[PDB]
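Commentary on secondary and tertiary structure
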Amino acid sequence: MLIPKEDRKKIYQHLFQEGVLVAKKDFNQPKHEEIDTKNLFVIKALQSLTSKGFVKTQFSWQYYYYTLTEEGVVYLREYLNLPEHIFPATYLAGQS
Amino acid sequence: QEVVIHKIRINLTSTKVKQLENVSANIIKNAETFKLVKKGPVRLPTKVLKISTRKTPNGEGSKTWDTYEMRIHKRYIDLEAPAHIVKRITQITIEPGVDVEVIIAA
Amino acid sequence: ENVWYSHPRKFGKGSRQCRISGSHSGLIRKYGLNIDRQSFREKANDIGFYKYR
Amino acid sequence: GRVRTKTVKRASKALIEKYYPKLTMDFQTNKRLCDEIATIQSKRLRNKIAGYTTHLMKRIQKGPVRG
Amino acid sequence: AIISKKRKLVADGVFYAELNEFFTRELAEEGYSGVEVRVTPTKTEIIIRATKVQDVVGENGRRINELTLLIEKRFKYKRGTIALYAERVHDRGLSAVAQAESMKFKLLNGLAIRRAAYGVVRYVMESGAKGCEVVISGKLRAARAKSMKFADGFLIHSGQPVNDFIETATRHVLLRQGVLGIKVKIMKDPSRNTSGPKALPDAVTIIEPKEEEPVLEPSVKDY
RNA sequence: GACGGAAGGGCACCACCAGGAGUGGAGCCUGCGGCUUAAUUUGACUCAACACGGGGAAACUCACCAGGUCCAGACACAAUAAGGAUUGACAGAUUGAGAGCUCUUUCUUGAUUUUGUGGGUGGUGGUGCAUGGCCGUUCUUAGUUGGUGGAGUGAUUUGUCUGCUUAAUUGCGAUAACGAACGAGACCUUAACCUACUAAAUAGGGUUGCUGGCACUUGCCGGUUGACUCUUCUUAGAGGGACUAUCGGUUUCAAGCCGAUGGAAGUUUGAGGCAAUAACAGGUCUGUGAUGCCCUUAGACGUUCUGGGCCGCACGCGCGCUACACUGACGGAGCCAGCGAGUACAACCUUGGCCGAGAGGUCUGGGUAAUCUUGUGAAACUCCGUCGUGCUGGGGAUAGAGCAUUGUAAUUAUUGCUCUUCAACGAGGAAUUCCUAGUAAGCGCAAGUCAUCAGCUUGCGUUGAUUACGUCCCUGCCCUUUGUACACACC
Ligand SMILES: [Mg+2]
Ligand SMILES: [Mg+2]
Ligand SMILES: [Mg+2]
Ligand SMILES: [Mg+2]
Ligand SMILES: [Mg+2]
Ligand SMILES: [Mg+2]
Ligand SMILES: [Mg+2]
Ligand SMILES: [Mg+2]
Ligand SMILES: [Mg+2]
Ligand SMILES: [Mg+2]
Ligand SMILES: [Mg+2]
Ligand SMILES: [Mg+2]
Ligand SMILES: [Mg+2]
Ligand SMILES: [Mg+2]
Ligand SMILES: [Mg+2]
Ligand SMILES: [Mg+2]
Ligand SMILES: [Mg+2]
Ligand SMILES: [Mg+2]
């Protein structure tokens, strides 16, 4: 729960970029893939997010799955300052 | 202008044998229509993958054992051909379940 | 965040985790499956495994 | 313990009922005929049926049988 | 990329299984049944079957895209290399898994269990299956665990006319008083089955004979 | 219905004949005891527990114990609100300790929190009689319904049976039943046959180049990816093939069974896989982010480190292995499989060559695999010599010593080989296990395990018989008839 806030911010940014986050059920792991943060920290953050709505969670097969709801998206926007017409995965980037 | 013979191996691996056979047949037909020198749908020792297990979740009954086996079918299709023709062939020639793989070069 | 929170767990039944439950109990490492056998004996049909003989 | 099952026997009986001609005593022809006329999802079963039909034919040379 | 062929195949199978499990978990509301993986060079197609296809789709690229992203994250592949399609299943009645899911949903919301089972059976029959069977194990009023078998038509228990003929679905249903378990075995009709044999392996059916008139004078018919 | 210390039928090498091979004996290795312990964690207990929990645990495992460490007390509400909420902090003390664990000092740290109150999550904690799921067991026995009919006021029953066959409720026949279904069968995979098809410098075999070795003449035997063609063997693919076939009698010349002939194959062709109806208060909540409830919860049953322990011994029982000799023993020497499985983002299977008596190492490889380890040149077996029925050269058990190797970690030898010590045991009492053909037994190999370990399991070959080819006498079940004051059903 005691998160060096920069790391948390980075995690949030990553989430916003993606629209989706996949976490290992691996505590004791030194560093998560992609983000230069500890898996555990990420998991904690996502748990926190879930506990106040925002994110839908799955524990399936030693893998946590994280999809962001509309309220969640709004909250993320508020956190990051980015205004409107932005990434996640609510709509396609172009023709893909 | 080109036509430089490379000799190309095609791998055909899968489980559902019928599908594999069909694919092989299709490939041979295609080869015939493009008219090439080719070695046939060479078959390898169809590898069984055995996993034998206590049927009991917990080791309290009679000692029932099950061999869960995976039949695998490995096929080599050798072509005396350039690469362009192979590419043309592999534009289609894909059917669900079966693995199409091009080794390329002799 | 503590400095000493890991044993040298390179091998043994510790490092070897299952793909479903994460068990250290009866782990079919064979073929690079890494499953606790019980679960496999339920999912095997989808894993392409069948019993014939 | 090679007692032919109910099913095979029944099939043979049916065959004899519907196609008493075209059952030329010996096995091989009869087998083929069975394969043609009766639809069997197997091969061994078909063979068995053929055998039973042949037996029936042999019997029916040496008198009338019940059913 | 690239391992031993056998090993690769095993891994693929495992992946498929995992995916199936995820879809059972994630797309629970979506009424999911089956996954149909097609792996080609570059673009890997993943077909997904459900009752409520609209839900799966979302509002044009909603849930499906998220799922794709998740898949990518799981198995290292990039955007475009994995494609996901959601489809209508051709009559859900023959499909056991879908039926099981429906039953579970009926249970969870609040309905008569026996009656629900009967309804399901009726639906299956209407669809056109040769027979079907529902088993409901657990507490169905009172503490002692009770099995409840409900069936229609034939149900082949033995033989290779099972792996080819009977779709089986096992589910756990979670309740406040205790966990129910719903098993459902469905007898698909031989003809509509298409894959494998088109009739039951024991059965023998013979056609009707055709009449021919003998003698009528030998005669000659010339051209 | 169940039951009987009732009556008959009828099965079954989990019954017995006729046999074998044995186990209990002996030494050990390994469960289970019973103790004992800091803790020796536990789950089982007739078949249906006891080399089983894939349980061959050096830590991990891990469930146990003695201790340290940590929060992974989500969110909801308040006191601090930076003049400070806060994490750290080498030196040495402190301290199993390059754990600032905490106290000293005095720099940081940046409202994430600190700590309470509502609340939750975690648990190899409990409950398997709250369960699901799976499994086991009745039983892989031959059972089990239902439709229409009959007998019944009914519950029910007949059908499903006096008999004769079958591996079989398998069938024939008798017959208020008739035709049905599930189960048995059929099916399915494999093991067998194809000198007919499909093809193969990844399986093979031929003819000639180059030459290697000869007899010395033409001819042998080779090696060599040279070239060429074939496909017997190898491989699979497609089919076919056996249907008890052909007669011989037997039995109402039914169902079928036995004998000869042919045939690759006449025990359901062998082996399974699947497996009904209902269950058992059978097994697991120690496979689970399968789980109802109860428990606990931050000086924790959550976690994680450090060490031990599950391997203790006065002794019970059950798996096994090795021995008790000349069917030997040890050297030589000959020399033969089949399943297997095996790495690139790593620490695989590892050839081949020098150094080491072994154990092994090293430089180069080849193999993400019919291609390389690999003809896995395995053992058992087959020849000659040496010793010839001595607790002996049978047997290698209690043990000391080095070198290695695995892994941070080997003492409580992990294991390995070498020299040694060289014991119990001269064919195993009462009981009883397993078996009817490539079956029994022997003999290895491989995989599962796995950093390391095999005496264990799965598998696969390799040698390869005795005696039945029956019957209910014993044991267990099964159905009928009988009786019953039992139906939570004789505990
Ligand atoms: Mg059947
Ligand atoms: Mg069967
Ligand atoms: Mg028994
Ligand atoms: Mg050990
Ligand atoms: Mg748990
Ligand atoms: Mg129980
Ligand atoms: Mg009536
Ligand atoms: Mg009756
Ligand atoms: Mg006779
Ligand atoms: Mg059989
Ligand atoms: Mg009990
Ligand atoms: Mg629990
Ligand atoms: Mg133990
Ligand atoms: Mg045992
Ligand atoms: Mg080989
Ligand atoms: Mg001596
Ligand atoms: Mg073992
Ligand atoms: Mg009386």
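Quick look at the structure, then. (Residues numbered from 1 in each chain as written, not as in the entry; some residues may be left out. Chains lettered and ligands numbered in written order. Part of a larger assembly, values for the part shown. Heavy atoms only, no water.)

Let us now look at the interface of chain C and chain B. The interface is formed by 16 residues belonging to chain C together with 15 residues belonging to chain B. For the pair chain C and chain B, the summed buried area comes to about 1,500 Å², and 60% of that belongs to carbon and sulfur atoms. Contact with chain B buries surface across chain C, with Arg37(C), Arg41(C) and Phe49(C) losing the most and accounting together for 37% of the total. If you look at where chain C meets chain B, you find two salt bridges. In this structure, the salt-bridge partner of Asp66(B) is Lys51(C), at a minimum N-O distance of 3.5 Å. At the boundary of chain C with chain B, the tally comes to 10 residue pairs in polar contact. Looking at which element gives the most residues to the side of chain C that touches chain B, the answer is helix α2 (residues 37–43) of chain C, with four residues. (Contact = heavy atoms within 4.5 Å. Buried area = accessible area lost by both parts, 1.4 Å probe. Salt bridge = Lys/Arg side-chain N within 4 Å of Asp/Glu carboxyl O. Polar contact = N/O pair within 3.5 Å; in protein donor to acceptor, adjacent residues only side chain to side chain. Helix = DSSP H or I, 4+ residues; strand = E, 2+ residues; numbered from the N terminus.)

Moving on: the environment of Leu19(E). Residue and element names in this part refer to chain E. Note that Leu-19 resides in helix α1 (residues 5–26). The sequence separation of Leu-19 and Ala-96 amounts to 77 residues, and the corresponding C-alpha distance is 19 Å. In this view, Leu-19 contacts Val-35, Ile-46 and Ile-71; residues no more than four positions away in its chain are not counted.

In this assembly, seven residues from chain A lie in contact with 10 residues from chain C. Here chain A and chain C share an interface that buries about 710 Å² over both sides, 45% of which is from carbon and sulfur atoms. It is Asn28(A), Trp61(A) and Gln62(A) that lose the most area in chain A upon contact with chain C, and together they represent 76% of the buried surface on that side. Counted by class, the side of chain A that touches chain C contains three nonpolar, two polar and two charged residues. (Nonpolar A, V, L, I, M, F, W, Y, C, P; charged D, E, K, R; others polar.)

Now for the packing of helix α2 (residues 27–37) of chain D against helix α3 (residues 44–61) of chain D. Residue and element names in this part refer to chain D. At a minimum axis distance of 8 Å, the contact between α2 and α3 shows a crossing angle of 125 degrees. It follows from the interaxial angle that α2 and α3 lie oblique. Seen along the crossing, α2 lies across α3 with a hand that is right-handed. Contact with α2, carried on its side by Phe-27, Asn-30, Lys-31, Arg-32, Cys-34 and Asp-35, involves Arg-46, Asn-47, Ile-49, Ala-50, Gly-51, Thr-53 and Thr-54 of α3 and no other residues of that element. A class-by-class count of the residues in the contact of α2 with α3 yields four nonpolar, five polar and four charged. (Axes fitted to C-alpha atoms, helices over the stretch in contact; angles between N-to-C directions. Parallel < 35°, antiparallel > 145°, perpendicular 65-115°, else oblique. Left-handed = near helix turned anticlockwise from the far one by under 90°.)

What follows is about the packing of helix α1 (residues 5–18) of chain A against helix α3 (residues 70–80) of chain A. Residue and element names in this part refer to chain A. α3 packs onto α1 with a crossing angle of 130 degrees between their chain directions and a minimal axis gap of 10 Å. In terms of axis orientation, α1 runs oblique to α3. Seen along the crossing, α1 lies across α3 with a hand that is left-handed. Two secondary-structure elements touch here, α1 through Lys-5, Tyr-12, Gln-13, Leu-15 and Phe-16 and α3 through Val-73, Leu-76, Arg-77, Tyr-79 and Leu-80. Here the contact of α1 with α3 is built from residues that sort into seven nonpolar, one polar and two charged.

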